[PDB]
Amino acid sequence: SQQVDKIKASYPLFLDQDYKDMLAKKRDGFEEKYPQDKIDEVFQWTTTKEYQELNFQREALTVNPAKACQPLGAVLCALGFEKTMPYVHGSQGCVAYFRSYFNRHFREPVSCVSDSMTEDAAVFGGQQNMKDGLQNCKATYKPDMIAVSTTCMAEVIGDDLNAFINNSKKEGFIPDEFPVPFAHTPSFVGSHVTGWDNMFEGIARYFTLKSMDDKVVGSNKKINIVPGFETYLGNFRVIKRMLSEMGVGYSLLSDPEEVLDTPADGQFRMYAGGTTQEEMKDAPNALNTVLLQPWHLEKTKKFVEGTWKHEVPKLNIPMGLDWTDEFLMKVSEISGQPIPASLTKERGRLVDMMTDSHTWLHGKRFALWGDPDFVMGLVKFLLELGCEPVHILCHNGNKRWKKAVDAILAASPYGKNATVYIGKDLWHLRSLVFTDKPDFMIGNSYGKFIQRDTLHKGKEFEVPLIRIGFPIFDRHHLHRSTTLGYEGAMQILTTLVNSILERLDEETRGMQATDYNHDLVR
């Protein structure tokens, strides 16, 4: 039933007695469900160190992965270019999912096409799909550039993207001088970040490989910035902000911040802003190229070093205090611009915040996950705050990266109880937060199911989630946030400390029981 003046949605509707009785009847009658006692027993077993040993012995089954597939990153990379249409050569189901995934994270349109390869193309190839696909897309959506990637179907059957695109130009489907960069992006190799790297390099090749004769390193007097797979608008924004403050001439290569943040003003803008083709053509004339996320930009690094002849600086992701200083000092050296008083002050306000909040942060224990660069930056900043990154999980991380993070943990007393996990997933992480319980989790929305499990064991065992990363689907507009630079450090500082203080307030809100510690001033 419903009272018209207080309509109940699913929750709390189905807590009503008649629904409760109905659902008990359904269960008892037809579900043949294990007794609750047996369910409790198995749940409790899933929280044990015994279960964890079995859990970590897994070599075939993956449960609740902390990664996505290559063409996801290729699309996001492709969106960062001016009036560019990402185009995934292969089956169409992939593109429905890619768009939907980003839709839900950014709460924006995400424009991307497929050439809809079917069963019959498997036996004979997707050449015709390419010809017609490219022609249709250019005519219908009017992009200035089409950036091509692949699904696993197309990769397994072994379609030569280069020839296919060339034959499309040869046969008049698209004009010969219409830019169509490509990249093979197999979803069974690496992860979504790998597709970003592959797509970017493919676009870098397209616009510069054949034109290197007339290029002088440093002639345009700019610095190229490659952001990598990046889902916070504030991060693109802060880098540009800090470089402009320094009076540093720059070129951000792959900038989707405009397309992923168009105004709702009565018209849909398919394309907006982005890195121009002219910027990519001129890029080799830069002083140098800086990779903001070097651990998934290996291929791009080799091309930039090998072809453009830029001596790419060895810089960590600009996250936290030390690595932002390093970033700014390196930029200063390359550009010959001094770090302005404004950025010096901002650094000091970050340090001021760190001294104000250090007592609540000190020794606090975290389980965290995400992509390699994001995770090591968070780990580094956590150490700088005097926090202990107890469980560091990176499903798409490698042996060399793990080495780099273990070294960072080694350089701090706050890394003594920390373990770095590569190749593991959030079901592994579930075990760790039961058996070696931290104070909080820092991760994406899939973590909400881990907090739910911990609460079920008991309130004293509940490990609250702190939502930083990708994807965040169950909160609104967190994609506008910043995690890079002093600004980003400040935002993380604030989230971390206030997460701790909200938790304390909950635990001390009991009248006459625990509210003796329910301080007005903290």
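Throughout, we count residues from 1 along the sequence that is shown.
Looking at 304-312 and 438-446 together, the entry lists the larger mean B-factor for 304-312, computed on C-alpha atoms. 172-180 and 355-363 differ in mean CA B-factor, and the higher of the two is recorded for 172-180. Looking at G80, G158, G195, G228, the one whose CA carries the top B-factor in the deposited record is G158. Residue set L350, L382, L426, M212: peak C-alpha B-factor at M212 (per PDB entry). Ranked by Cα temperature factor within the chain, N517 sits in the lowest third according to the deposited record. Among the modelled residues of its chain, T344 has a C-alpha B-factor that falls in the middle third according to the deposited record. Per the PDB record, residue ranking by Cα B-factor puts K131 in the highest third of the chain. Among the modelled residues of its chain, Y421 has a C-alpha B-factor that falls in the highest third, as given in the PDB entry. Ranked within its chain, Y51 lands in the highest third, by CA B factor from the PDB record.
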